(Lines of atoms letter the chains of each structure in order from A and count residues from 1; the text may use other names and numbers.)
(Lines give C-alpha, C1' and ligand atoms only; values in the text may rest on other atoms or scores of the structure.)
Protein backbone atom coordinates (compact mmCIF):
# COMPACT_ATOMS: atom_id res chain seq x y z
CA UNK A 1 0.00 0.00 0.00
CA UNK A 2 1.59 3.24 -1.19
CA UNK A 3 1.51 5.81 1.60
CA UNK A 4 3.10 9.24 1.57
CA UNK A 5 4.26 10.47 4.96
CA UNK A 6 4.75 14.23 5.06
CA UNK A 7 6.65 15.77 7.96
CA UNK A 8 5.31 19.26 8.64
CA UNK A 9 7.54 22.26 8.10
CA UNK A 10 9.56 24.26 10.58
CA UNK A 11 8.14 25.62 13.84
CA UNK A 12 10.21 27.74 16.21
CA UNK A 13 11.06 24.78 18.47
CA UNK A 14 12.18 22.62 15.54
CA UNK A 15 14.96 25.12 14.90
CA UNK A 16 15.80 25.83 18.57
CA UNK A 17 16.27 22.29 19.88
CA UNK A 18 13.09 21.91 21.91
CA UNK A 19 10.84 18.85 22.14
CA UNK A 20 7.56 19.54 20.34
CA UNK A 21 4.69 17.09 20.76
CA UNK A 22 1.13 18.12 21.55
CA UNK A 23 1.95 21.79 22.18
CA UNK A 24 0.01 23.41 19.32
CA UNK A 25 2.75 25.60 17.85
CA UNK A 26 2.29 27.22 14.43
CA UNK A 27 4.64 26.92 11.46
CA UNK A 28 7.21 29.70 11.06
CA UNK A 29 7.22 31.73 7.84
CA UNK A 30 9.82 29.35 6.39
CA UNK A 31 7.74 26.41 7.61
CA UNK A 32 4.87 27.76 5.51
CA UNK A 33 7.21 28.21 2.54
CA UNK A 34 8.32 24.59 2.87
CA UNK A 35 4.68 23.54 2.81
CA UNK A 36 3.92 25.57 -0.32
CA UNK A 37 6.83 23.95 -2.16
CA UNK A 38 5.05 20.62 -1.71
CA UNK A 39 2.01 21.74 -3.71
CA UNK A 40 2.06 19.99 -7.06
CA UNK A 41 4.99 17.78 -6.03
CA UNK A 42 2.98 15.35 -3.89
CA UNK A 43 0.47 13.09 -5.68
CA UNK A 44 -3.14 14.24 -5.43
CA UNK A 45 -4.25 11.22 -3.40
CA UNK A 46 -6.82 11.29 -0.58
CA UNK A 47 -5.32 13.19 2.37
CA UNK A 48 -5.39 12.62 6.13
CA UNK A 49 -3.85 14.88 8.73
CA UNK A 50 -3.01 15.23 12.38
CA UNK A 51 -5.37 17.72 14.01
CA UNK A 52 -2.44 19.82 15.28
CA UNK A 53 -2.24 23.25 13.63
CA UNK A 54 1.23 22.80 12.13
CA UNK A 55 0.14 19.67 10.27
CA UNK A 56 -3.24 21.02 9.16
CA UNK A 57 -1.58 24.19 7.88
CA UNK A 58 1.01 22.15 5.99
CA UNK A 59 -1.77 20.14 4.33
CA UNK A 60 -3.64 23.32 3.40
CA UNK A 61 -0.62 25.07 1.87
CA UNK A 62 0.30 21.85 0.05
CA UNK A 63 -3.07 22.16 -1.68
CA UNK A 64 -4.94 19.43 0.20
CA UNK A 65 -8.20 19.27 2.18
CA UNK A 66 -7.47 16.46 4.66
CA UNK A 67 -9.67 14.49 6.99
CA UNK A 68 -8.47 15.18 10.54
CA UNK A 69 -7.40 12.30 12.79
CA UNK A 70 -5.77 12.59 16.24
CA UNK A 71 -4.09 9.22 15.73
CA UNK A 72 -1.64 10.99 13.41
CA UNK A 73 -0.40 13.35 16.15
CA UNK A 74 3.22 13.55 17.27
CA UNK A 75 3.92 11.72 20.55
CA UNK A 76 2.81 13.61 23.67
CA UNK A 77 5.89 14.69 25.64
CA UNK A 78 3.88 15.63 28.73
CA UNK A 79 6.11 17.43 31.23
CA UNK A 80 8.87 17.50 28.62
CA UNK A 81 6.93 19.58 26.08
CA UNK A 82 9.22 22.44 25.09
CA UNK A 83 11.97 20.81 27.14
CA UNK A 84 15.39 22.10 26.22
CA UNK A 85 17.10 19.11 24.60
CA UNK A 86 20.45 20.46 25.81
CA UNK A 87 19.63 20.08 29.52
CA UNK A 88 17.35 17.08 28.98
CA UNK A 89 18.21 14.35 31.48
CA UNK A 90 20.44 11.73 29.76
CA UNK A 91 17.94 8.99 30.60
CA UNK A 92 15.26 10.50 28.36
CA UNK A 93 17.79 11.68 25.80
CA UNK A 94 19.30 8.21 25.35
CA UNK A 95 15.83 6.64 25.25
CA UNK A 96 14.56 8.91 22.48
CA UNK A 97 17.69 8.45 20.38
CA UNK A 98 17.40 4.65 20.55
CA UNK A 99 13.62 4.87 20.15
CA UNK A 100 12.65 2.47 22.95
CA UNK A 101 12.07 2.42 26.69
CA UNK A 102 10.82 5.97 26.39
CA UNK A 103 7.88 7.32 28.35
CA UNK A 104 8.16 11.08 28.85
CA UNK A 105 6.83 11.95 32.33
CA UNK A 106 3.17 12.85 31.97
CA UNK A 107 3.04 12.08 28.26
CA UNK A 108 2.54 9.01 26.06
CA UNK A 109 4.67 5.88 26.23
CA UNK A 110 6.52 5.08 23.02
CA UNK A 111 4.70 1.74 22.91
CA UNK A 112 1.28 3.43 23.09
CA UNK A 113 2.38 5.99 20.52
CA UNK A 114 3.62 3.42 18.04
CA UNK A 115 0.54 1.26 18.50
CA UNK A 116 -1.84 4.08 17.55
CA UNK A 117 0.34 5.04 14.57
CA UNK A 118 0.53 1.54 13.12
CA UNK A 119 -3.13 0.85 13.91
CA UNK A 120 -4.11 3.97 11.96
CA UNK A 121 -2.12 2.74 8.96
CA UNK A 122 -3.97 -0.59 9.09
CA UNK A 123 -7.26 1.22 8.48
CA UNK A 124 -6.15 2.68 5.14
CA UNK A 125 -7.84 1.04 2.14
CA UNK A 126 -6.01 2.87 -0.68
CA UNK A 127 -2.95 5.06 -1.30
CA UNK A 128 -3.10 8.30 0.67
CA UNK A 129 -1.05 11.31 1.73
CA UNK A 130 -0.56 11.66 5.49
CA UNK A 131 0.31 15.07 6.90
CA UNK A 132 1.96 14.19 10.15
CA UNK A 133 5.01 14.53 12.40
CA UNK A 134 8.65 13.54 12.72
CA UNK A 135 7.98 10.98 15.43
CA UNK A 136 5.38 9.29 13.25
CA UNK A 137 7.64 9.20 10.19
CA UNK A 138 10.48 7.84 12.32
CA UNK A 139 8.33 5.07 13.80
CA UNK A 140 7.27 3.93 10.35
CA UNK A 141 10.76 4.07 8.84
CA UNK A 142 12.31 2.24 11.80
CA UNK A 143 9.73 -0.53 11.53
CA UNK A 144 10.91 -1.01 7.94
CA UNK A 145 14.52 -1.18 9.07
CA UNK A 146 15.56 2.24 7.80
CA UNK A 147 16.76 5.54 9.28
CA UNK A 148 13.80 7.71 10.23
CA UNK A 149 15.51 11.06 9.75
CA UNK A 150 13.60 13.11 7.18
CA UNK A 151 13.93 16.90 6.75
CA UNK A 152 11.06 18.97 8.14
CA UNK A 153 8.75 19.88 5.28
CA UNK A 154 9.81 16.84 3.26
CA UNK A 155 8.05 13.58 2.51
CA UNK A 156 8.79 9.91 2.10
CA UNK A 157 6.69 7.44 0.17
CA UNK A 158 6.59 3.92 1.52
CA UNK A 159 5.07 0.70 0.31
CA UNK A 160 3.61 -0.32 3.65
CA UNK A 161 4.47 -2.58 5.29
CA UNK A 162 7.48 -3.54 3.16
CA UNK A 163 9.99 -0.85 2.16
CA UNK A 164 10.69 2.79 1.40
CA UNK A 165 9.85 3.75 -2.19
CA UNK A 166 11.21 7.27 -2.49
CA UNK A 167 12.33 10.16 -0.30
CA UNK A 168 11.19 13.55 -1.56
CA UNK A 169 13.08 16.56 -0.23
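Numbering follows the first chain given and starts at 1.
Enquirer: 101-109 versus 126-134: which one carries the higher mean Cα B factor per the record?
Expert: Mean CA B-factor is higher for 101-109.
Enquirer: Going by the average Cα B-factor in the PDB entry, point out whether 81-89 or 67-75 comes out higher.
Expert: In the deposited entry, the stretch with the higher C-alpha B-factor mean is 81-89.
Enquirer: Grab the CA temperature factor for residue 145 from the record and place it in the lowest, middle or highest third of its chain.
Expert: Highest third, going by the recorded CA B-factors of the chain.
Enquirer: Consider only the C-alpha atoms of the modelled residues in this chain, order them by B-factor as the entry records it, and name the third containing residue 5: lowest, middle or highest.
Expert: Answer is lowest: the recorded C-alpha B-factor places it there.
Enquirer: Pull the Cα B-factor of residue 154 out of the PDB entry and bin it into the chain's lowest, middle or highest third.
Expert: Residue 154: CA B-factor falls in the middle third of its chain.
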